[PDB]
2 protein chains.
Amino acid sequence: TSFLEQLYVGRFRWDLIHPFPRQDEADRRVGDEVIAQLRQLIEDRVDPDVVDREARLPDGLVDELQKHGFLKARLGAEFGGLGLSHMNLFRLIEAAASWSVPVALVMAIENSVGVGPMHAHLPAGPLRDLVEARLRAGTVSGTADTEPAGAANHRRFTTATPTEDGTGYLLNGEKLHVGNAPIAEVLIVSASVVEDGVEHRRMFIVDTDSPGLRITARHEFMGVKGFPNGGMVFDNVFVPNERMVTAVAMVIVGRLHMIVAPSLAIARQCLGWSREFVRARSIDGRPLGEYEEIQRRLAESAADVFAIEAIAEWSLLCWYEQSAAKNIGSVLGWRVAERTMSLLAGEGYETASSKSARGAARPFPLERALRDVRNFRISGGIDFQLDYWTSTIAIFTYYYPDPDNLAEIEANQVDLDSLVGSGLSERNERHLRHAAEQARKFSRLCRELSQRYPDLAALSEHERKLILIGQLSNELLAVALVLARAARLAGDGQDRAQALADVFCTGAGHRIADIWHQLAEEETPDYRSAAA
Amino acid sequence: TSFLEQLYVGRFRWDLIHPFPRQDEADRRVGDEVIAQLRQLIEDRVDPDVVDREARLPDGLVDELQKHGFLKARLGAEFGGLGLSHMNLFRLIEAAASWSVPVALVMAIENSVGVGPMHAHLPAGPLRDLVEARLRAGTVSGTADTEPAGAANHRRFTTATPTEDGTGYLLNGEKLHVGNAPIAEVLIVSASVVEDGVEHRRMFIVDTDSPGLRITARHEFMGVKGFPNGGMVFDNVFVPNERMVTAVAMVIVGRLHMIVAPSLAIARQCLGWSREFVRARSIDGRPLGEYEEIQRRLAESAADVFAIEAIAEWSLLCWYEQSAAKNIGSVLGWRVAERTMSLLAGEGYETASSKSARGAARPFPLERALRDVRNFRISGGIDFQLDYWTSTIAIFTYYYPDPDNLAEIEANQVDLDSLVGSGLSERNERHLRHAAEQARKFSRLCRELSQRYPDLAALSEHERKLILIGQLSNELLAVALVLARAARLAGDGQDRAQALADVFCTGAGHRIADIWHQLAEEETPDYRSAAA
Ligand SMILES: Cc1cc2nc3c(=O)[nH]c(=O)nc-3n(C[C@H](O)[C@H](O)[C@H](O)COP(=O)(O)OP(=O)(O)OC[C@H]3O[C@@H](n4cnc5c(N)ncnc54)[C@H](O)[C@@H]3O)c2cc1C
Ligand SMILES: Cc1cc2nc3c(=O)[nH]c(=O)nc-3n(C[C@H](O)[C@H](O)[C@H](O)COP(=O)(O)OP(=O)(O)OC[C@H]3O[C@@H](n4cnc5c(N)ncnc54)[C@H](O)[C@@H]3O)c2cc1C
């Protein structure tokens with residue numbers, strides 16, 4: 001069953017996550033070999049600073065990645081693929097992202113939500129034969145969903161009308177901010193088909209060379225400069241019947257690769273840059289690493305990385321937890337980069353090329369890292385919006401008919417007896433007790449709100465409270481997995497894991513308290529008067 | 001006396017800030033005229049997007065600013081200056097920053113810490129005659145203090161050794177990240193003179209064309225692209241005796257212009273961009289401005305702007321409050337820009353030129369605003385470092401001998417009777433009661449820490465606690481001034497002020513609670529093990 005699903009009804013399932021899993025040693029060594037090959041390739045052909053300054057990937061890179069099976073990492077030998085586990089794909093994207101995020105994002109889309117991953121789901125027919133033929137030949141793909149109207153719209157205004165002769169459909173509409181679009185051979189397009197008065201969302205496998213399809217825009221953002229990203233108009237684009245697809249777990253697990261892997265990569269580089277800077281600097285004769293606040297900030301960044309690692313390992317060694325991984329990964333990644341900017345200060349704010357030009361010891365592209373990491377709280381959904389959707393669509397669903405374990409909620413039941421054998425420190429066992437108590441409190445809150453509003457549609461109006469509840473659920477999951485991983489790695493002789501776990505749960509402790517304080521607001525201000 | 005100084009010893013001096021001052025109407029109308037002239041000039045000659053993309057100001061701008069007295073805004077008619085009040089200079093920089101921050105920063109340095117502002121302090125002699133001659137002719141200046149060693153160092157390693165013939169000094173050392181350096185005619189340089197075994201910090205008025213002075217580096221950062229910023233080597237630069245200066249209120253009040261004015265400008269543009277985006281967008285048939293979370297976020301940004309306005313008006317209509325204005329202004333400015341990025345989402349992350357290229361309705365340079373605003377938590381000191389220095393150098397100084405008002409601290413004395421006549425709402429009067437109680441609690445905390453460590457040097461080791469205390473003092477000042485300004489503007493018929501005040505104090509309420517929770521930490525984790 002599901003740890004986070006149980007957490008929503010106030011159960012702290014230590015037994016589901018302890019002992020914390022670890023990657024198979026043979027599988028990890030297969031990862032090590034493929035990662036070494038990619039690093040050789042991109043370090044030879046890609047200068048990340050030049051890619052950022054020119055906002056362009058070097059000519060020939062996508063080809064060379066294709067020839068070595070890096071755009072078919074999860075496919076079998078049949079397709080000239082590397083047949084990597086999810087854990088090893090994630091590590092491959094992480095490895096790419098630590099050099100150039102644009103390169104990582106191209107690889108992430110293709111190996112996550114492209115026609116390659118989709119192949120296995122398609123039924124036998126012409127479409128499946130075409131995708132296979134393209135994959136053998138080597139293809140680049142993208143998902144074209146977002147419209148100017150907004151991604152958060154339940155409807156898609158891009159229409160698919162059947163042709164008079166019934167052979168295919170005419171696509172009409174606009175797609176915005178589409179990853180890989182400018183280099184894509186084929187796009188997975190979302191469009192509405194009207195069937196006798198009722199609108200229906202359908203997916204279409206559309207060639208980019210289709211007449212009436214126009215890549216009008218090439219999008220450049222604050223970060224990920226060089227990442228192929230395009231907007232397009234469909235003007236009566238003819239799409240044969242077979243090209244119409246005829247689950248969403250592929251999209252959720254895809255976020256681990258597209259969002260969390262690059263977030264971890266950046267968080268790791270930032271920790272590296274923090275340590276190198278602290279090692280080489282001093283204030284008033286005393287080396288910078290001796291000042292308490294500097295020590296705490298290195299600890300907090302190190303603990304954040306450990307937490308991104310925990311959520312990533314739990315997600316890919318094995319559902320709702322993988323949904324929360326998007327926000328936990330992206331936010332922790334952004335925090336580390338923000339913290340690192342404060343630490344490196346003036347040098348941190350300075351561009352890599354500027355520092356390189358003046359022969360600086362540390363030409364670290366931290367400012368690029370901070371601009372890039374911001375993407376991952378936007379791309380794949382806005383953090384507060386995902387926090388809202390998580391609590392209304394996945395937390396109050398268990399309470400609206402009524403909670404099945406309602407007796408447990410009124411009784412304030414907390415199983416402290418199942419946390420007895422851990423291997424955790426006396427402090428990390430205290431963190432574990434408190435998280436289990438907070439789990440039960442979380443459910444009691446959810447019950448009061450559900451009792452307070454009979455209609456969910458009415459409850460769904462109170463967005464701030466539901467966002468905070470989304471956040472609270474993520475904090476407790478992060479604490480739980482961090483303690484589980486700590487117990488495991490400490491058990492296998494990594495004693496630093498206890499300290500890292502201790503730092504993170506202490507911090508989470510303050511964020512949880514803050515979230516409760518905001519939830520406990522009795523009277524709301526007239527924010528509508530203020531907004532005007 | 002000083003409101004913030006009294007706040008440090010737990011006194012809430014409502015009587016010192018109520019009624020809140022307002023700018024003289026005649027003075028403000030003089031501001032309106034000068035601001036209109038600057039806007040005409042820069043809107044004609046400066047394209048802010050081009051300045052950002054090329055990281056260069058257009059040729060001739062500094063001249064045209066000089067010819068119209070914008071680099072001598074606070075000087076008298078004698079010098080061809082505009083003789084503006086501090087409040088009007090701040091508004092002039094704000095007006096410039098709302099168009100192009102680089103332009104604002106050049107003007108801010110010259111009108112704050114340049115040779116122009118310094119003129120009045122200099123004693124009669126050749127140096128004063130030279131500065132006057134330069135100011136009449138039109139000059140550009142900068143302060144060269146920061147060295148590769150770090151700005152936070154008490155010592156400066158740049159040396160000034162007297163010449164054998166005793167006519168002047170030889171300057172040797174390196175300065176980093178110097179504003180206006182590449183366009184400066186003269187620089188105010190910090191350097192150490194050794195007098196019979198004891199080091200001494202001295203200021204030198206050095207011409208940039210001095211042989212042995214080399215502008216080796218031209219610094220480009222994440223934001224403020226185009227802002228002239230240079231690093232230099234001094235190789236036995238000869239400086240005549242008269243060129244050696246022979247208080248720091250000029251630097252503190254300068255921060256209002258260099259840090260807070262551009263922070264307010266960005267915060268205001270961001271609120272404007274938020275409202276325009278919300279007005280034009282809808283989700284599921286419902287316009288975006290009808291969703292609670294959207295309403296709250298517009299309210300929180302509007303309330304933040306109001307708070308930056310409050311600290312700015314209190315600082316320039318009239319010391320320690322002006323020190324805290326740096327952090328309050330910069331942080332609130334950064335929060336608004338961060339909040340705005342989440343709101344505008346994909347469009348928000350996209351560059352102005354990208355959105356312009358594809359004929360977007362809103363080619364808003366939000367991403368540029370976010371990159372620029374980050375500067376103001378670094379430039380003029382790192383936010384957490386200023387929070388540390390504020391509590392060790394300006395909060396515990398009143399408690400180390402002992403607190404003069406110790407009786408008040410033990411007695412938990414809170415004057416609720418002086419807050420009776422305000423004009424505030426019943427909610428904003430509650431906010432006022434709570435701030436006065438938090439003021440007293442703040443002093444009781446400070447007493448316990450002072451009692452706990454007999455030696456300040458020992459107390460100064462505990463950096464996290466002292467930073468949090470710095471933060472707590474700033475939050476209560478912000479609440480106090482917001483309520484004071486609200487009472488005044490509501491009294492003069494602006495009823496929205498009550499709502500804006502209410503939004504801000506509610507938010508501050510949560511930040512204060514969070515700060516206390518972190519202060520109340522009983523046992524600390526082993527962060528030194530984690531840092532490694
Ligand atoms: C680098 C990058 C790459 C991308 N690549 C792709 C891609 O390959 N394919 C693709 O399809 N898309 C892609 N996107 C689009 C991205 O997923 C969207 O930008 C994002 O999911 C939503 O952005 P939007 O501008 O459409 O926001 P909207 O959905 O319009 O939201 C606008 C604002 O309103 C808020 N809001 C929305 N609904 C509510 C509500 N009910 N209550 C309160 N507030 C609400 C949102 O949180 C947001 O702050 C990419 C984006 C980026 C930045
Ligand atoms: C755009 C820009 C313009 C600038 N213009 C000028 C200018 O015109 N003139 C000028 O002189 N300078 C200028 N500066 C320099 C700027 O003021 C400094 O960068 C800043 O004050 C300190 O930066 P630093 O790199 O020297 O940091 P450092 O002082 O080396 O600090 C390094 C880190 O250590 C931390 N730290 C320091 N002391 C302690 C302590 N005791 N305990 C714990 N942690 C500590 C700091 O908070 C920081 O995080 C400019 C900077 C920028 C970004």
# chains A, B, ... in the order shown; residues from 1 in each chain; ligands from 1

$ residues_around --residues "residue 323 of chain B" --least-positions-apart "3" --cutoff "6 Å" --atoms "only C-alpha atoms" --output "MDAnalysis selection string"
chainID B and resid 252 320 326

$ write_last_selection --atoms "N, CA, C and O atoms" --output "PDB file, in the first residue's frame"
ATOM      1  N   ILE B 252      24.996  55.369   5.672  1.00  0.00           N
ATOM      2  CA  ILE B 252      23.729  54.742   6.167  1.00  0.00           C
ATOM      3  C   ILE B 252      22.535  55.360   5.427  1.00  0.00           C
ATOM      4  O   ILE B 252      21.687  54.584   4.949  1.00  0.00           O
ATOM      5  N   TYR B 320      19.180  54.501  13.452  1.00  0.00           N
ATOM      6  CA  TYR B 320      19.200  53.018  13.574  1.00  0.00           C
ATOM      7  C   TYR B 320      18.122  52.444  12.647  1.00  0.00           C
ATOM      8  O   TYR B 320      18.359  51.392  12.023  1.00  0.00           O
ATOM      9  N   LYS B 326      17.751  49.100   5.043  1.00  0.00           N
ATOM     10  CA  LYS B 326      18.531  48.320   4.045  1.00  0.00           C
ATOM     11  C   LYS B 326      17.893  46.931   3.900  1.00  0.00           C
ATOM     12  O   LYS B 326      17.476  46.590   2.775  1.00  0.00           O
TER      13      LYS B 326
END

$ select_by_dssp --residues "segment 10-131 of chain A" --states "alpha helix (DSSP H)" --output "ChimeraX atom specification"
/A:14-17,25-45,48-54,61-67,86-97,101-112,115-118,126-131

$ closest_residue --among "B:295, B:141, B:159, B:216" --to "ligand 1" --atoms "only C-alpha atoms and all ligand atoms"
B:295

$ residues_near_ligand --ligand "ligand 1" --cutoff "7 Å" --atoms "only C-alpha atoms and all ligand atoms" --output "MDAnalysis selection string"
(chainID A and resid 142:153 176:180 221 224 229 375 378:382 384:385 463) or (chainID B and resid 283 288 291:294 342:347 349)

$ interface_residues --of "chain A" --to "chain B" --cutoff "7 Å" --atoms "only C-alpha atoms" --output "ChimeraX atom specification"
/A:152-154,217,219-222,283-284,292-293,295-296,298-299,302,342,345-346,349-351,354,358,367,378,382,461-464,496,499-500,502-503,510,514,517-518,525-531

$ write_last_selection --atoms "C-alpha atoms" --output "mmCIF file, in the first residue's frame"
data_model
loop_
_atom_site.group_PDB
_atom_site.id
_atom_site.type_symbol
_atom_site.label_atom_id
_atom_site.label_comp_id
_atom_site.auth_asym_id
_atom_site.auth_seq_id
_atom_site.Cartn_x
_atom_site.Cartn_y
_atom_site.Cartn_z
ATOM 1 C CA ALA A 152 -4.095 24.919 -15.233
ATOM 2 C CA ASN A 153 -7.295 25.066 -17.430
ATOM 3 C CA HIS A 154 -9.217 21.701 -17.295
ATOM 4 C CA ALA A 217 8.220 31.279 -31.389
ATOM 5 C CA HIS A 219 11.241 30.759 -26.118
ATOM 6 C CA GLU A 220 14.229 32.021 -24.015
ATOM 7 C CA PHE A 221 13.717 32.144 -20.173
ATOM 8 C CA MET A 222 15.668 33.476 -17.097
ATOM 9 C CA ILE A 283 37.468 36.975 7.928
ATOM 10 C CA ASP A 284 39.695 38.805 10.531
ATOM 11 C CA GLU A 292 28.858 29.157 13.424
ATOM 12 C CA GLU A 293 26.420 30.641 10.811
ATOM 13 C CA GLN A 295 28.834 25.852 9.588
ATOM 14 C CA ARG A 296 24.978 25.812 9.992
ATOM 15 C CA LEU A 298 26.777 24.122 4.966
ATOM 16 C CA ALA A 299 24.882 21.639 7.262
ATOM 17 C CA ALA A 302 24.025 19.116 2.968
ATOM 18 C CA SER A 342 24.042 34.609 0.285
ATOM 19 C CA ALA A 345 27.959 37.000 -1.854
ATOM 20 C CA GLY A 346 29.522 39.396 -4.478
ATOM 21 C CA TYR A 349 26.262 37.210 -7.868
ATOM 22 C CA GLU A 350 29.062 37.620 -10.521
ATOM 23 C CA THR A 351 28.748 35.587 -13.812
ATOM 24 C CA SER A 354 33.107 37.685 -15.767
ATOM 25 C CA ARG A 358 39.506 38.540 -14.586
ATOM 26 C CA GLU A 367 24.150 32.732 -10.785
ATOM 27 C CA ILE A 378 7.191 26.507 -12.642
ATOM 28 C CA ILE A 382 3.441 25.950 -10.035
ATOM 29 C CA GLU A 461 -12.734 27.919 -2.361
ATOM 30 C CA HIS A 462 -10.397 28.140 0.731
ATOM 31 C CA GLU A 463 -7.145 27.919 -1.333
ATOM 32 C CA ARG A 464 -4.580 29.244 1.259
ATOM 33 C CA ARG A 496 27.232 11.322 9.233
ATOM 34 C CA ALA A 499 23.647 14.313 11.825
ATOM 35 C CA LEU A 500 22.265 15.172 8.304
ATOM 36 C CA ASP A 502 18.972 15.607 12.589
ATOM 37 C CA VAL A 503 19.673 18.958 10.768
ATOM 38 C CA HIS A 510 10.208 24.962 12.299
ATOM 39 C CA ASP A 514 5.071 27.934 10.911
ATOM 40 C CA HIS A 517 0.531 28.987 13.013
ATOM 41 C CA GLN A 518 -0.833 30.119 9.571
ATOM 42 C CA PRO A 525 -7.652 40.425 7.001
ATOM 43 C CA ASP A 526 -9.661 42.195 4.212
ATOM 44 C CA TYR A 527 -7.108 41.079 1.522
ATOM 45 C CA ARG A 528 -9.671 41.885 -1.278
ATOM 46 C CA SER A 529 -9.596 45.633 -0.270
ATOM 47 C CA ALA A 530 -5.736 45.407 -0.140
ATOM 48 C CA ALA A 531 -5.489 43.575 -3.551
#

$ residues_around --residues "residue 201 of chain B" --least-positions-apart "4" --cutoff "12 Å" --atoms "only C-alpha atoms" --output "PyMOL selection string"
chain B and resi 145+154-160+189-195+244-246

$ atom_distance --atom1 "atom CA of residue 287 of chain B" --atom2 "atom CA of residue 389 of chain A"
18.6 Å

$ residues_around --residues "residue 256 of chain A" --least-positions-apart "2" --cutoff "12 Å" --atoms "only C-alpha atoms" --output "ChimeraX atom specification"
/A:86-91,93-94,105,108-109,111-113,249-254,258-264,308-309,311-316,319,321-330,376,380

$ closest_residue --among "A:124, A:196, A:134, A:274" --to "ligand 2" --atoms "only C-alpha atoms and all ligand atoms"
A:274

$ closest_residue --among "A:305, A:278, A:137, A:458" --to "ligand 2" --atoms "only C-alpha atoms and all ligand atoms"
A:278

$ closest_residue --among "B:489, B:50, B:466, B:266" --to "ligand 2" --atoms "only C-alpha atoms and all ligand atoms"
B:466

$ atom_distance --atom1 "atom CA of residue 410 of chain A" --atom2 "atom CA of residue 442 of chain A"
12.1 Å

$ residues_around --residues "residue 405 of chain A" --least-positions-apart "4" --cutoff "9 Å" --atoms "only C-alpha atoms" --output "MDAnalysis selection string"
chainID A and resid 9:10 409

$ residues_around --residues "residue 121 of chain A" --least-positions-apart "3" --cutoff "9 Å" --atoms "only C-alpha atoms" --output "number ranges by chain"
A: 117-118, 247

$ decode --residues "segment 86-165 of chain B" --atoms "C-alpha atoms" --output "PDB file, in the first residue's frame"
ATOM      1  CA  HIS B  86      16.537  63.474   0.628  1.00  0.00           C
ATOM      2  CA  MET B  87      12.852  62.415   0.081  1.00  0.00           C
ATOM      3  CA  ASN B  88      12.961  63.859  -3.515  1.00  0.00           C
ATOM      4  CA  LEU B  89      16.423  62.290  -4.301  1.00  0.00           C
ATOM      5  CA  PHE B  90      14.984  58.880  -3.173  1.00  0.00           C
ATOM      6  CA  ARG B  91      11.919  59.485  -5.459  1.00  0.00           C
ATOM      7  CA  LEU B  92      14.310  60.502  -8.327  1.00  0.00           C
ATOM      8  CA  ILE B  93      16.285  57.182  -7.928  1.00  0.00           C
ATOM      9  CA  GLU B  94      12.948  55.227  -7.614  1.00  0.00           C
ATOM     10  CA  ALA B  95      11.760  56.929 -10.889  1.00  0.00           C
ATOM     11  CA  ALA B  96      15.067  55.957 -12.660  1.00  0.00           C
ATOM     12  CA  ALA B  97      15.027  52.364 -11.218  1.00  0.00           C
ATOM     13  CA  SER B  98      11.416  51.786 -12.532  1.00  0.00           C
ATOM     14  CA  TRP B  99      12.881  52.249 -16.103  1.00  0.00           C
ATOM     15  CA  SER B 100      16.535  50.963 -15.893  1.00  0.00           C
ATOM     16  CA  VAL B 101      18.204  49.962 -12.539  1.00  0.00           C
ATOM     17  CA  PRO B 102      21.761  50.492 -13.957  1.00  0.00           C
ATOM     18  CA  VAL B 103      20.875  54.215 -14.652  1.00  0.00           C
ATOM     19  CA  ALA B 104      19.425  54.492 -11.073  1.00  0.00           C
ATOM     20  CA  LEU B 105      22.585  52.905  -9.472  1.00  0.00           C
ATOM     21  CA  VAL B 106      24.977  55.322 -11.338  1.00  0.00           C
ATOM     22  CA  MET B 107      22.820  58.302 -10.124  1.00  0.00           C
ATOM     23  CA  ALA B 108      22.439  56.778  -6.582  1.00  0.00           C
ATOM     24  CA  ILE B 109      26.258  56.398  -5.979  1.00  0.00           C
ATOM     25  CA  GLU B 110      27.042  59.940  -7.328  1.00  0.00           C
ATOM     26  CA  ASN B 111      24.260  61.654  -5.235  1.00  0.00           C
ATOM     27  CA  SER B 112      24.958  59.530  -2.037  1.00  0.00           C
ATOM     28  CA  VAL B 113      28.694  58.633  -1.501  1.00  0.00           C
ATOM     29  CA  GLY B 114      30.431  60.519  -4.406  1.00  0.00           C
ATOM     30  CA  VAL B 115      32.754  63.590  -4.011  1.00  0.00           C
ATOM     31  CA  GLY B 116      29.598  65.783  -4.483  1.00  0.00           C
ATOM     32  CA  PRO B 117      27.907  64.737  -1.185  1.00  0.00           C
ATOM     33  CA  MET B 118      31.382  64.689   0.553  1.00  0.00           C
ATOM     34  CA  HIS B 119      32.143  68.359  -0.478  1.00  0.00           C
ATOM     35  CA  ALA B 120      30.228  69.857   2.539  1.00  0.00           C
ATOM     36  CA  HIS B 121      32.271  67.780   5.116  1.00  0.00           C
ATOM     37  CA  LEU B 122      35.781  68.621   3.685  1.00  0.00           C
ATOM     38  CA  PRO B 123      37.801  71.383   5.444  1.00  0.00           C
ATOM     39  CA  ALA B 124      38.986  74.450   3.398  1.00  0.00           C
ATOM     40  CA  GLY B 125      42.179  73.640   1.387  1.00  0.00           C
ATOM     41  CA  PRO B 126      43.416  72.429  -2.056  1.00  0.00           C
ATOM     42  CA  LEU B 127      41.382  69.119  -1.999  1.00  0.00           C
ATOM     43  CA  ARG B 128      38.064  71.012  -1.418  1.00  0.00           C
ATOM     44  CA  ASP B 129      39.007  73.510  -4.229  1.00  0.00           C
ATOM     45  CA  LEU B 130      39.745  70.516  -6.580  1.00  0.00           C
ATOM     46  CA  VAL B 131      36.394  68.699  -5.812  1.00  0.00           C
ATOM     47  CA  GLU B 132      34.492  72.038  -6.362  1.00  0.00           C
ATOM     48  CA  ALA B 133      36.389  72.636  -9.685  1.00  0.00           C
ATOM     49  CA  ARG B 134      35.510  69.017 -10.750  1.00  0.00           C
ATOM     50  CA  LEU B 135      31.798  69.391  -9.665  1.00  0.00           C
ATOM     51  CA  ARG B 136      31.406  72.691 -11.676  1.00  0.00           C
ATOM     52  CA  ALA B 137      33.085  70.919 -14.687  1.00  0.00           C
ATOM     53  CA  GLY B 138      30.872  67.807 -14.099  1.00  0.00           C
ATOM     54  CA  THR B 139      32.519  64.675 -12.551  1.00  0.00           C
ATOM     55  CA  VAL B 140      31.668  60.949 -11.998  1.00  0.00           C
ATOM     56  CA  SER B 141      32.877  59.275  -8.728  1.00  0.00           C
ATOM     57  CA  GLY B 142      32.787  55.915  -6.848  1.00  0.00           C
ATOM     58  CA  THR B 143      33.815  54.384  -3.454  1.00  0.00           C
ATOM     59  CA  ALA B 144      36.547  51.656  -3.791  1.00  0.00           C
ATOM     60  CA  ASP B 145      36.500  49.759  -0.417  1.00  0.00           C
ATOM     61  CA  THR B 146      35.922  45.978  -1.074  1.00  0.00           C
ATOM     62  CA  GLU B 147      39.034  43.720  -1.585  1.00  0.00           C
ATOM     63  CA  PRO B 148      39.340  40.038  -2.703  1.00  0.00           C
ATOM     64  CA  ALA B 149      39.909  39.173   1.045  1.00  0.00           C
ATOM     65  CA  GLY B 150      36.216  40.120   1.688  1.00  0.00           C
ATOM     66  CA  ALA B 151      34.250  43.323   2.551  1.00  0.00           C
ATOM     67  CA  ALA B 152      33.332  41.967   6.069  1.00  0.00           C
ATOM     68  CA  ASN B 153      37.072  42.078   7.110  1.00  0.00           C
ATOM     69  CA  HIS B 154      37.679  44.815   9.787  1.00  0.00           C
ATOM     70  CA  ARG B 155      41.154  45.398   8.152  1.00  0.00           C
ATOM     71  CA  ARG B 156      41.966  46.732   4.621  1.00  0.00           C
ATOM     72  CA  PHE B 157      45.113  45.141   3.030  1.00  0.00           C
ATOM     73  CA  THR B 158      45.434  48.009   0.462  1.00  0.00           C
ATOM     74  CA  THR B 159      48.416  49.963   1.980  1.00  0.00           C
ATOM     75  CA  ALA B 160      49.327  53.708   1.793  1.00  0.00           C
ATOM     76  CA  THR B 161      53.113  54.180   2.494  1.00  0.00           C
ATOM     77  CA  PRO B 162      54.521  57.766   2.689  1.00  0.00           C
ATOM     78  CA  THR B 163      57.059  58.805  -0.045  1.00  0.00           C
ATOM     79  CA  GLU B 164      60.694  59.547   1.056  1.00  0.00           C
ATOM     80  CA  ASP B 165      60.225  63.290   0.134  1.00  0.00           C
TER      81      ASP B 165
END
